[PDB]
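Here's the structure we're looking at; comments come further down.
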Amino acid sequence: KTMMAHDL
Amino acid sequence: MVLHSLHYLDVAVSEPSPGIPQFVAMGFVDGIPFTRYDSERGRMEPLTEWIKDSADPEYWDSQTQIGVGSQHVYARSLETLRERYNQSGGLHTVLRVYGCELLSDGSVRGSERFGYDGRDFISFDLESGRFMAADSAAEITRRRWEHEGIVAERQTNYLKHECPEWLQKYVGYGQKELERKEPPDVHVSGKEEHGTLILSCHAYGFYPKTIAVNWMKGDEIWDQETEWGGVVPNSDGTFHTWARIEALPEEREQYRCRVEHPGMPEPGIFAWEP
Amino acid sequence: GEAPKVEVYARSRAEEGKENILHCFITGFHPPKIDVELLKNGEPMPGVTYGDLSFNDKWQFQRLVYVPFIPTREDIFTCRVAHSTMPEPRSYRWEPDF
């Protein structure tokens with residue numbers, strides 16, 4: 001399952 | 001040693017071009033693609049039959065949510081990185097690879113790595129448990145992520161617990177395709193150019209990708225003068241590779257090719273038969 | 001900018017009249033925009049499919065490009081690759097192992 005990326 | 005793996009590849013670009021959508025996220029189990037999110041379709045979709053049969057509709061809808069969310073995150077990230085690097089407009093690319101591996105010892109190794117325009121940006125590892133910034137621009141993100149302590153918490157929790165548990169679930173779903181052993185079809189080709197004979201040992205359509213291809217001259221190993229190709233993929237999910245040597249034409253019959261692969265009951269020996 | 005590496009290969013050992021697939025595996029390049037053509041005697045072959053875009057540990061992209069075909073003994077099969085890092089396109093000939 002994917003996980004969401006975090007804002008940099 | 002790695003028994004199985006589950007990893008994802010995220011490619012996001014500032015300006016889409018033919019064949020390169022705004023955002024694509026791809027999942028791989030032991031190197032085989034099995035799921036895909038694409039910003040043009042806006043849907044998480046199966047790429048194999050085993051994942052389509054075993055997953056419930058909630059699986060595909062929750063990840064469509066995660067893909068839609070990541071799509072907006074990368075738009076902001078691309079915008080943010082353009083000024084931190086004092087860059088002008090045009091094609092810019094943010095890449096992310098993350099996942100886990102189940103080792104033979106029972107442990108799990110996991111990582112999440114970001115790249116920007118072909119260079120490291122920021123990374124996280126289960127061993128170090130800390131974010132590694134590649135330059136001062138990435139230090140801005142590292143400081144913010146370390147303050148809240150929450151990125152490192154979510155990252156450790158995904159890579160060490162969620163990722164391997166889904167991996168074990170994926171291994172059981174496609175066990176028949178993941179663990180199949182298809183032997184290579186081997187052929188030795190020969191061409192004489194400019195007084196030099198070039199012998200090429202080709203291996204067609206083998207799975208999995210582990211293979212040994214070696215040339216022998218008499219009783220001696222000839223790896224010294226052997227040029228190897230990569231282990232490259234076919235469109236059907238199998239692999240291809242070759243091993244090439246140069247020889248005097250008059251000594252063509254002293255050379256033979258040995259190929260070993262998990263799909264062969266015995267290692268096979270081959271030679272050029274013009 | 002990194003120039004692409006190109007390997008050309010068929011799915012199976014070539015046999016006359018037998019359906020095959022001609023692959024062009026392009027690796028090691030950046031930025032990801034690239035123009036790939038599969039030609040038979042300099043003519044674009046029908047049904048060229050672009051594989052999916054991935055990257056390696058050094059953030060260099062790669063892409064499989066392939067087309068169904070029947071290898072014939074007196075024609076020239078080539079993959080032609082154009083990239084911003086290259087001053088001119090380069091052709092990579094597929095050598096049939098009949």
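Each chain in the structure tokens gets a letter, A, B and so on, in the order shown; residues start at 1 in every chain, and ligands are counted from 1 in the order they appear.
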Dump as CSV the rows for residues of chain B within 7 Å of chain C: closest atom pair and distance in Å with one decimal, only C-alpha atoms counted, ordered by chain and rising residue number.
```
residue,atom,partner,partner_atom,distance
B:115,CA,C:59,CA,6.6
B:118,CA,C:59,CA,5.0
B:119,CA,C:59,CA,6.6
B:189,CA,C:97,CA,5.9
B:204,CA,C:12,CA,5.5
B:205,CA,C:11,CA,6.5
B:234,CA,C:11,CA,6.1
```
- Task: Would you list the contacts of region 2-8 of chain A as a ChimeraX atom specification, taking every protein, DNA or RNA residue within 7 Å and counting only C-alpha atoms, but skipping same-chain residues closer than 5 positions in sequence?
- Result: /B:63,66,69-70,73,77,141
- Would you mind listing what lies within 10 Å of residue 3 (chain B) as a list in words, with only C-alpha atoms counted and same-chain residues fewer than 3 positions away left out? residues 30, 101, 102, 103, 104, 105 and 106 of chain B
How about saving the chosen residues, N, CA and C atoms kept, as a PDB file, in the first residue's frame?
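Produced file selection_31.pdb, reproduced below:
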```
ATOM      1  N   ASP B  30       8.772  -7.572  -5.234  1.00  0.00           N
ATOM      2  CA  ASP B  30       9.941  -8.301  -5.728  1.00  0.00           C
ATOM      3  C   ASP B  30      10.345  -7.831  -7.119  1.00  0.00           C
ATOM      4  N   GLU B 101      12.106  -4.324   2.844  1.00  0.00           N
ATOM      5  CA  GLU B 101      12.568  -5.642   2.434  1.00  0.00           C
ATOM      6  C   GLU B 101      12.553  -6.568   3.640  1.00  0.00           C
ATOM      7  N   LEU B 102      12.033  -7.778   3.447  1.00  0.00           N
ATOM      8  CA  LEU B 102      12.079  -8.820   4.470  1.00  0.00           C
ATOM      9  C   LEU B 102      13.358  -9.629   4.272  1.00  0.00           C
ATOM     10  N   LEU B 103      14.300  -9.493   5.201  1.00  0.00           N
ATOM     11  CA  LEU B 103      15.554 -10.222   5.121  1.00  0.00           C
ATOM     12  C   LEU B 103      15.362 -11.666   5.586  1.00  0.00           C
ATOM     13  N   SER B 104      16.392 -12.482   5.352  1.00  0.00           N
ATOM     14  CA  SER B 104      16.358 -13.880   5.770  1.00  0.00           C
ATOM     15  C   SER B 104      16.419 -14.035   7.282  1.00  0.00           C
ATOM     16  N   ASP B 105      16.985 -13.057   7.990  1.00  0.00           N
ATOM     17  CA  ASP B 105      17.068 -13.104   9.442  1.00  0.00           C
ATOM     18  C   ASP B 105      15.755 -12.751  10.123  1.00  0.00           C
ATOM     19  N   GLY B 106      14.737 -12.350   9.365  1.00  0.00           N
ATOM     20  CA  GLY B 106      13.488 -11.894   9.932  1.00  0.00           C
ATOM     21  C   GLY B 106      13.393 -10.398  10.135  1.00  0.00           C
TER      22      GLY B 106
END
```
Considering only C-alpha atoms, give me a table of residues in chain B that are at most 10 Å from chain A, with the closest atom pair and distance in Å for each, as JSON lines.
```
{"residue": "B:6", "atom": "CA", "partner": "A:1", "partner_atom": "CA", "distance": 9.0}
{"residue": "B:7", "atom": "CA", "partner": "A:2", "partner_atom": "CA", "distance": 8.9}
{"residue": "B:8", "atom": "CA", "partner": "A:2", "partner_atom": "CA", "distance": 7.2}
{"residue": "B:9", "atom": "CA", "partner": "A:2", "partner_atom": "CA", "distance": 9.8}
{"residue": "B:10", "atom": "CA", "partner": "A:5", "partner_atom": "CA", "distance": 9.2}
{"residue": "B:25", "atom": "CA", "partner": "A:2", "partner_atom": "CA", "distance": 8.5}
{"residue": "B:26", "atom": "CA", "partner": "A:2", "partner_atom": "CA", "distance": 8.9}
{"residue": "B:27", "atom": "CA", "partner": "A:2", "partner_atom": "CA", "distance": 7.7}
{"residue": "B:35", "atom": "CA", "partner": "A:1", "partner_atom": "CA", "distance": 8.9}
{"residue": "B:36", "atom": "CA", "partner": "A:2", "partner_atom": "CA", "distance": 9.9}
{"residue": "B:37", "atom": "CA", "partner": "A:2", "partner_atom": "CA", "distance": 9.7}
{"residue": "B:44", "atom": "CA", "partner": "A:2", "partner_atom": "CA", "distance": 9.9}
{"residue": "B:59", "atom": "CA", "partner": "A:1", "partner_atom": "CA", "distance": 8.3}
{"residue": "B:60", "atom": "CA", "partner": "A:1", "partner_atom": "CA", "distance": 9.5}
{"residue": "B:62", "atom": "CA", "partner": "A:1", "partner_atom": "CA", "distance": 9.4}
{"residue": "B:63", "atom": "CA", "partner": "A:2", "partner_atom": "CA", "distance": 6.6}
{"residue": "B:64", "atom": "CA", "partner": "A:2", "partner_atom": "CA", "distance": 9.6}
{"residue": "B:65", "atom": "CA", "partner": "A:4", "partner_atom": "CA", "distance": 9.1}
{"residue": "B:66", "atom": "CA", "partner": "A:4", "partner_atom": "CA", "distance": 5.4}
{"residue": "B:67", "atom": "CA", "partner": "A:4", "partner_atom": "CA", "distance": 7.1}
{"residue": "B:68", "atom": "CA", "partner": "A:4", "partner_atom": "CA", "distance": 9.1}
{"residue": "B:69", "atom": "CA", "partner": "A:4", "partner_atom": "CA", "distance": 6.8}
{"residue": "B:70", "atom": "CA", "partner": "A:4", "partner_atom": "CA", "distance": 5.4}
{"residue": "B:71", "atom": "CA", "partner": "A:5", "partner_atom": "CA", "distance": 8.8}
{"residue": "B:72", "atom": "CA", "partner": "A:7", "partner_atom": "CA", "distance": 9.2}
{"residue": "B:73", "atom": "CA", "partner": "A:7", "partner_atom": "CA", "distance": 5.6}
{"residue": "B:74", "atom": "CA", "partner": "A:7", "partner_atom": "CA", "distance": 7.5}
{"residue": "B:75", "atom": "CA", "partner": "A:7", "partner_atom": "CA", "distance": 9.5}
{"residue": "B:76", "atom": "CA", "partner": "A:7", "partner_atom": "CA", "distance": 7.2}
{"residue": "B:77", "atom": "CA", "partner": "A:8", "partner_atom": "CA", "distance": 5.7}
{"residue": "B:78", "atom": "CA", "partner": "A:8", "partner_atom": "CA", "distance": 9.1}
{"residue": "B:80", "atom": "CA", "partner": "A:8", "partner_atom": "CA", "distance": 7.5}
{"residue": "B:81", "atom": "CA", "partner": "A:8", "partner_atom": "CA", "distance": 8.3}
{"residue": "B:96", "atom": "CA", "partner": "A:5", "partner_atom": "CA", "distance": 8.5}
{"residue": "B:98", "atom": "CA", "partner": "A:3", "partner_atom": "CA", "distance": 9.1}
{"residue": "B:99", "atom": "CA", "partner": "A:2", "partner_atom": "CA", "distance": 9.0}
{"residue": "B:112", "atom": "CA", "partner": "A:5", "partner_atom": "CA", "distance": 9.9}
{"residue": "B:114", "atom": "CA", "partner": "A:5", "partner_atom": "CA", "distance": 9.9}
{"residue": "B:122", "atom": "CA", "partner": "A:8", "partner_atom": "CA", "distance": 9.5}
{"residue": "B:138", "atom": "CA", "partner": "A:8", "partner_atom": "CA", "distance": 8.2}
{"residue": "B:140", "atom": "CA", "partner": "A:8", "partner_atom": "CA", "distance": 8.2}
{"residue": "B:141", "atom": "CA", "partner": "A:8", "partner_atom": "CA", "distance": 5.1}
{"residue": "B:142", "atom": "CA", "partner": "A:8", "partner_atom": "CA", "distance": 8.3}
{"residue": "B:144", "atom": "CA", "partner": "A:8", "partner_atom": "CA", "distance": 8.3}
{"residue": "B:145", "atom": "CA", "partner": "A:8", "partner_atom": "CA", "distance": 8.2}
{"residue": "B:151", "atom": "CA", "partner": "A:6", "partner_atom": "CA", "distance": 7.7}
{"residue": "B:154", "atom": "CA", "partner": "A:3", "partner_atom": "CA", "distance": 9.6}
{"residue": "B:155", "atom": "CA", "partner": "A:3", "partner_atom": "CA", "distance": 9.1}
{"residue": "B:158", "atom": "CA", "partner": "A:3", "partner_atom": "CA", "distance": 7.7}
{"residue": "B:159", "atom": "CA", "partner": "A:3", "partner_atom": "CA", "distance": 9.8}
{"residue": "B:162", "atom": "CA", "partner": "A:1", "partner_atom": "CA", "distance": 8.2}
{"residue": "B:163", "atom": "CA", "partner": "A:1", "partner_atom": "CA", "distance": 7.2}
{"residue": "B:165", "atom": "CA", "partner": "A:1", "partner_atom": "CA", "distance": 9.8}
{"residue": "B:166", "atom": "CA", "partner": "A:1", "partner_atom": "CA", "distance": 6.6}
{"residue": "B:167", "atom": "CA", "partner": "A:1", "partner_atom": "CA", "distance": 8.7}
{"residue": "B:170", "atom": "CA", "partner": "A:1", "partner_atom": "CA", "distance": 9.6}
```
- Query: Where does DSSP see strand (DSSP E or B) in region 14-96 of chain C, if you list the residues as JSON, numbers by chain?
  - Reply: {"C": [20, 21, 22, 23, 24, 25, 26, 27, 28, 29, 30, 35, 36, 37, 38, 39, 40, 43, 44, 49, 50, 51, 52, 53, 54, 55, 61, 62, 63, 64, 65, 66, 67, 68, 69, 77, 78, 79, 80, 81, 82, 90, 91, 92, 93, 94]}
Just to be explicit: take each residue in the selection above, keep C-alpha atoms, and write the result as an mmCIF file, in the first residue's frame.
```cif
data_model
loop_
_atom_site.group_PDB
_atom_site.id
_atom_site.type_symbol
_atom_site.label_atom_id
_atom_site.label_comp_id
_atom_site.auth_asym_id
_atom_site.auth_seq_id
_atom_site.Cartn_x
_atom_site.Cartn_y
_atom_site.Cartn_z
ATOM 1 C CA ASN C 20 8.846 -11.816 -32.006
ATOM 2 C CA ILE C 21 9.159 -8.628 -29.956
ATOM 3 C CA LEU C 22 11.959 -6.112 -30.480
ATOM 4 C CA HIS C 23 12.979 -4.273 -27.308
ATOM 5 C CA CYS C 24 14.902 -1.049 -26.786
ATOM 6 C CA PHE C 25 15.946 -0.563 -23.149
ATOM 7 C CA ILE C 26 17.126 3.002 -22.507
ATOM 8 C CA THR C 27 18.845 3.698 -19.187
ATOM 9 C CA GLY C 28 20.923 6.220 -17.311
ATOM 10 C CA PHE C 29 19.475 9.451 -18.688
ATOM 11 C CA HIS C 30 18.184 12.723 -17.235
ATOM 12 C CA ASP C 35 12.379 10.380 -28.318
ATOM 13 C CA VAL C 36 12.632 6.687 -29.216
ATOM 14 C CA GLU C 37 11.784 5.173 -32.601
ATOM 15 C CA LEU C 38 11.940 1.546 -33.726
ATOM 16 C CA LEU C 39 12.739 1.458 -37.442
ATOM 17 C CA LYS C 40 12.813 -1.248 -40.112
ATOM 18 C CA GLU C 43 10.813 3.236 -41.553
ATOM 19 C CA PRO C 44 8.857 3.537 -38.272
ATOM 20 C CA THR C 49 4.647 0.667 -27.282
ATOM 21 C CA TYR C 50 6.269 2.813 -24.597
ATOM 22 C CA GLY C 51 6.903 1.018 -21.328
ATOM 23 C CA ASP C 52 6.582 2.694 -17.981
ATOM 24 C CA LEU C 53 9.124 5.203 -16.705
ATOM 25 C CA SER C 54 11.247 4.259 -13.678
ATOM 26 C CA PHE C 55 14.592 5.343 -12.213
ATOM 27 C CA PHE C 61 15.543 7.343 -15.593
ATOM 28 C CA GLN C 62 14.954 4.262 -17.694
ATOM 29 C CA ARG C 63 12.236 3.078 -20.037
ATOM 30 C CA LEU C 64 11.500 -0.063 -22.025
ATOM 31 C CA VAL C 65 10.312 0.500 -25.601
ATOM 32 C CA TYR C 66 9.170 -2.474 -27.641
ATOM 33 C CA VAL C 67 7.270 -3.456 -30.775
ATOM 34 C CA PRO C 68 5.953 -6.765 -32.159
ATOM 35 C CA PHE C 69 7.668 -7.824 -35.360
ATOM 36 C CA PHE C 77 16.262 -3.187 -37.608
ATOM 37 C CA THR C 78 17.345 -0.220 -35.480
ATOM 38 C CA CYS C 79 16.349 1.700 -32.373
ATOM 39 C CA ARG C 80 16.808 5.463 -32.743
ATOM 40 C CA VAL C 81 17.151 7.628 -29.640
ATOM 41 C CA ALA C 82 17.065 11.425 -29.361
ATOM 42 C CA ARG C 90 21.912 7.870 -32.537
ATOM 43 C CA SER C 91 20.840 4.584 -34.117
ATOM 44 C CA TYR C 92 21.458 1.218 -32.442
ATOM 45 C CA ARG C 93 21.123 -1.764 -34.775
ATOM 46 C CA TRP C 94 19.578 -5.049 -33.654
#
```
- Please, what distance in Å, to one decimal, runs between CA of residue 48 (chain C) and CA of residue 19 (chain B)?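 So the two atoms, CA of residue 48 (chain C) and CA of residue 19 (chain B), lie 12.9 Å apart.
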- Between CA of residue 86 (chain B) and CA of residue 14 (chain B), what is the distance, to one decimal in Å?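 Interatomic distance here is 15.3 Å.
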- Per-residue DSSP, region 22-262 of chain B, filtered to helix (DSSP H, G or I), as a ChimeraX atom specification: /B:49-54,57-84,136-148,150-173,175-178,223-225,249-254
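Taking CA of residue 213 (chain B) and CA of residue 174 (chain B) as endpoints, the distance between them is 28.4 Å.
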